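Quick notes on the structure that follows.
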2 protein chains.
Amino acid sequence: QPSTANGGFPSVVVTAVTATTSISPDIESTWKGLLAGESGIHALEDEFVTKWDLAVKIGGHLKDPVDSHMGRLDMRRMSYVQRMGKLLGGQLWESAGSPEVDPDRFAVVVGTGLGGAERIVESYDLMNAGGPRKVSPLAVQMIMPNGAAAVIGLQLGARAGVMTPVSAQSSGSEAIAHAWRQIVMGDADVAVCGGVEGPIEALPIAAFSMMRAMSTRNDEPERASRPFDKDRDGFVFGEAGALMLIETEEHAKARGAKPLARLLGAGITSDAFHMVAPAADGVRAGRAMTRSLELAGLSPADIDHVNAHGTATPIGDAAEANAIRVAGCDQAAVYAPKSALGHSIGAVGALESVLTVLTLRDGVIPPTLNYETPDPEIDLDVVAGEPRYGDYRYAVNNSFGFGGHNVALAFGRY
Amino acid sequence: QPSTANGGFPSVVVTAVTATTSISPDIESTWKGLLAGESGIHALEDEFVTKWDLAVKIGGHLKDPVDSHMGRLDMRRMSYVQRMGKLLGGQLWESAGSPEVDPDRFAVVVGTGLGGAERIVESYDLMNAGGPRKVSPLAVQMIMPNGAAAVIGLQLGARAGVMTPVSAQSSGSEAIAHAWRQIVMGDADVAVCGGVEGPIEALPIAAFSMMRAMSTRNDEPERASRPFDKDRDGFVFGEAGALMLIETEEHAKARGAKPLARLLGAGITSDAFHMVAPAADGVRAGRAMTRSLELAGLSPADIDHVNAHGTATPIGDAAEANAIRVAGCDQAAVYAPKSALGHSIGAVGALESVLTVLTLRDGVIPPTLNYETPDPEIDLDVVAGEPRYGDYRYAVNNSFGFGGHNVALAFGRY
Ligand SMILES: CCCCCCCCCCCCCCCC(=O)O[C@H](COC(=O)CCCCCCCC[C@H](C)CCCCCCCC)COP(=O)(O)O
Ligand SMILES: CCCCCCCCCCCCCCCC(=O)O[C@H](COC(=O)CCCCCCCC[C@H](C)CCCCCCCC)COP(=O)(O)O
Ligand SMILES: C=C/C(C)=C/[C@@]1(C)SC(=O)C(C(=O)C(F)(F)F)=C1O
Ligand SMILES: C=C/C(C)=C/[C@@]1(C)SC(=O)C(C(=O)C(F)(F)F)=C1O
Ligand SMILES: [K+]
Ligand SMILES: [K+]
């Protein structure tokens, strides 16, 4: 029975990470902010909020907007998730030391929730106003949801496959799972993986608001996202994109890269319960966690830390507490980063996987913000108030998505 | 190292297929039609053609529209690709004998090019006319590109993962590739897999036309799609969707399912060349074919048949001919079904995978339509004029996608 622990799968390490967030464009600065209790969530100052008088008037825009780094041709030839992909792909490579790798052993797996959807609406308006010849010859390649992964693949020269798993809010973690499978199956030795997502805009706010999923605590934006708290009232948008570089331990050693963590195993399951509510019992979600432990070669008692999906809906957080119990991981120290960074949909599982790596690298879990009144249906060890220090040696990052998708990633200290 | 031939992977069999096409809603009648030299391509009668005076006036709508099978509630609460996926998933399951399987060992993998995009422009229009509270509460779950796979997962009860790989025109084959991986890695014993795609409409025609990729042979619609022909001048749309049921041979035998064929291995690579032109040398595309043979345990000398992606662009077919040579597969009999069925984008690799399976089951390849003047740069054995009967044992199905994606599937006669 192959596991990582028993040498049945090659050892896979994380050797570089990059992310842009509502706190900082610099992941090390985001991480210092989080440990200091900073939130990226503010009053939205966009004119679209007053134009439409939106019920939701809070969110975290990126600290450093993607397009301040894009030249004239990038703005007219890529959709926004493609520009974010290019920006992060170059940062990651530079952070990695700009390695010269074998392109034929180099894969890219990048998830996103939707793709270049603004170009859909642009092409629709252009054609309605001026006919079919007003549609750009670039529209197809900007719009297609594999667009961002493909821009990264072209940019960095990856020829062992470029893949885009889409599973709504779990896409960013699912991508890192498929990258790990591609390596252990022997299709690649090195992979860039993670997730990108669009910015906060009026139409996405309108659509999730009609699901009654979003916090409307507009008077205290930094207090609004309260995962696992008794007084939680839904999620808050917080923009992000994140990528990491993973490679076999052999490949990293040959080029002198210092690992940040190990990526030990991944589990994907599905609920077959409901399209937009997680099964309350957490059973299939718990089993995604268990399967990541089986592939890693770990037991539940090994898991020191869980990085919760923790969206701060009443229903979502209760199902996830039940899933953590099913997996036997409810004595782990838990963090819910959406408390501070909000929800970035297709990117967020990637961002939170990067945070999980940093917890293992640095031996610390940031405080979950706004965690003030424990909820008795949630009987979890939620880290709050101040950071929790410790010699953490194994952690699980959870992500789930509309459609019933459950993804868990098992990481270890290097 | 593990292969199907050496027993390192479990044996995986195809036990049911379903597809709706421009020739027939019934895959067995599609197949009889193809063998009789029928084309599904006609003059488009839609009012949108004359409204916009589109340069392209030809293509193949489904013989039997998806929505002649849909209630008005489904029409309001699913996107088109979800409706297609629900229709096909129920037909497939019925064809399989409505098996009772273990939901926790049952996965769904279904690709699509874009997703529920008509609900994006609908939501946009609604909000522009009446504000954010006019957007449907179901809009997110109809729009998300994992929506179709998730509908099928919920309909059929799949709890071992629901996955949507997006790779533009290769998505449908890539979905069968990941379903095969999901079974051989031990995450599932049974999977529903394939591709769905939306119908021909004005804005998709405008966007692909503006790339100068489409045939405009409007006076002779059935003669327009000419893969590998010297006078080819671009692709023709032909609607489709297709799913197959795959399962371990053990699982099939246990429920008394007769296999249609064996699914032996899958190879996925990428070009890192250009976003919308394939690499002219065919090298990475050929290595996708080679990887599928490695995993099957086959050599190129074993291959009897290649089902070509064969879009009928000048550069596309030339690059694929080079690919087949790189893989050592250029002595095989080649069929290009887009000649008769046209291009259905995210569904097409699934449709052509089902055709490959029927070639192997029945020992016959349909004629490539319109193949009249051999092109010296192609130098392939293109089956043409009449169906070719033979004792086919091993076949490769090729699909490629914008972004530089290459997918090959190796199938065997059962
Ligand atoms: C991280 C939190 C946010 C997550 C939100 C994720 C939602 C999906 C991502 C959508 C991508 C949007 C990209 C925006 C690019 C941009 O900025 O376009 C502005 C101007 O506005 C626009 O064009 C808005 C056009 C809207 C595009 C259609 C969005 C449809 C959303 C659906 C109705 C609801 C969400 C579906 C989500 C499904 C997947 C996840 C479950 C440039 O402005 P200017 O320079 O022209 O002045
Ligand atoms: C097989 C060939 C086709 C392949 C085409 C693939 C393109 C993707 C298809 C997307 C889904 C289309 C579903 C249409 C639903 C339908 O039928 O709605 C009509 C009324 O028109 C409409 O609303 C058209 C709505 C337009 C939707 C936006 C399409 C944007 C397309 C992009 C600009 C260009 C294509 C990008 C593809 C990228 C991915 C693949 C590389 C019935 O009207 P009614 O009488 O029922 O009221
Ligand atoms: C099957 C539905 C699932 C997994 C829904 C979850 C918990 S996953 C997710 O991100 C999410 C949210 O965004 C929401 F709606 F705010 F809670 C959810 O409601
Ligand atoms: C990287 C670009 C690729 C693989 C383009 C291909 C050959 S894949 C594909 O389906 C396709 C077409 O549909 C087109 F445009 F008709 F030729 C192509 O142009
Ligand atoms: K998480
Ligand atoms: K093919």
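Just so we're on the same page: first chain in the structure tokens is A, next is B, and so on; residues restart at 1 for each chain, and ligands are numbered from 1 in the order they show up.
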
Exercise for the section: Mind checking which residues fall within 8 Å of residue 19 of chain B, counting only C-alpha atoms, ignoring those fewer than 5 positions away in the same chain, and posting them as JSON, numbers by chain? Expected result: {"B": [25, 26, 27, 88, 240, 241, 242, 243, 351]}

Handout entry: Selection: 12 Å around residue 29 of chain B, only C-alpha atoms, excl. self and same-chain fewer than 2 positions, as a ChimeraX atom specification
Key = /B:18-27,31-36,38,63,355,358

Practice task
Enumerate as a ChimeraX atom specification the residues within 8 Å of ligand 1, counting only C-alpha atoms and all ligand atoms.
Solution key: /A:59-61,79-81,112-122,167-169,197-208,237-240,342-347,401-402 /B:119-121,123-124,135,139-141,143-145

Exercise for the section: Would you please give, as an MDAnalysis selection string, all residues of segment 156-378 of chain A that DSSP assigns to alpha helix (DSSP H) based on the backbone? Expected result: chainID A and resid 156 171:184 202:209 249:255 283:296 314:326 338:341 348:362

Exercise for the section: Would you kindly report the residues of chain A within 7 Å of chain B, using only C-alpha atoms, as JSON, numbers by chain? Expected result: {"A": [52, 113, 114, 121, 131, 132, 133, 135, 136, 137, 139, 140, 144, 145, 146, 147, 150, 153, 154, 157, 158, 159, 160, 161, 162, 163, 164, 165, 166, 167, 168, 206, 207, 208, 210, 211, 268, 269, 270, 271, 272, 273, 403, 405]}

Exercise for the section: Do a least-squares overlay of chain A on chain B, C-alpha atoms all paired in order, then report the RMSD in Å. Expected result: 0.2 Å

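Running DSSP on the backbone gives strand (DSSP E or B) for these residues within segment 37-138 of chain B: residues 42, 43, 58, 59, 60, 106, 107, 108, 109, 110 and 111 of chain B.
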
Output file for the selection above: C-alpha atoms, as a PDB file, in the first residue's frame:
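Just written: result.pdb:
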ATOM      1  CA  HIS B  42     -26.197  21.757 -42.495  1.00  0.00           C
ATOM      2  CA  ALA B  43     -27.080  25.375 -43.322  1.00  0.00           C
ATOM      3  CA  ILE B  58     -23.158  26.356 -41.346  1.00  0.00           C
ATOM      4  CA  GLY B  59     -22.928  23.863 -38.452  1.00  0.00           C
ATOM      5  CA  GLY B  60     -24.641  20.897 -36.828  1.00  0.00           C
ATOM      6  CA  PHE B 106     -18.057   6.209  -7.282  1.00  0.00           C
ATOM      7  CA  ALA B 107     -16.553   9.378  -8.907  1.00  0.00           C
ATOM      8  CA  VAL B 108     -17.675  11.714 -11.655  1.00  0.00           C
ATOM      9  CA  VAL B 109     -15.295  13.633 -13.930  1.00  0.00           C
ATOM     10  CA  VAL B 110     -16.873  15.848 -16.573  1.00  0.00           C
ATOM     11  CA  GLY B 111     -15.122  18.577 -18.564  1.00  0.00           C
TER      12      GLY B 111
END

Practice task
Find the residues near ligand 5. Use a cut-off of 6 Å, count only C-alpha atoms and all ligand atoms, and write them as a ChimeraX atom specification.
Solution key: /A:307-309,349,352,397-399

Exercise for the section: Excluding residue 95 of chain A and residues on its chain fewer than 3 positions from it, collect all residues at most 10 Å away from it, counting only C-alpha atoms, and give them as a list in words. Expected result: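 Everything that qualifies: residues 15, 16, 17, 18, 89, 90, 91, 92, 98, 99 and 245 of chain A.
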
Dump C-alpha atoms for the selected residues as a compact mmCIF listing (two decimals), in the first residue's frame?
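Result file is out-v1.txt:
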# COMPACT_ATOMS: atom_id res chain seq x y z
CA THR A 15 10.28 25.22 -2.08
CA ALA A 16 8.72 28.63 -2.72
CA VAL A 17 5.45 30.49 -2.08
CA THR A 18 3.92 33.78 -3.31
CA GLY A 89 4.01 33.32 -11.71
CA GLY A 90 6.94 35.70 -12.18
CA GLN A 91 7.20 36.51 -8.44
CA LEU A 92 7.20 32.83 -7.53
CA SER A 98 14.82 31.52 -11.18
CA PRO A 99 15.78 27.83 -11.59
CA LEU A 245 6.37 25.61 -6.11
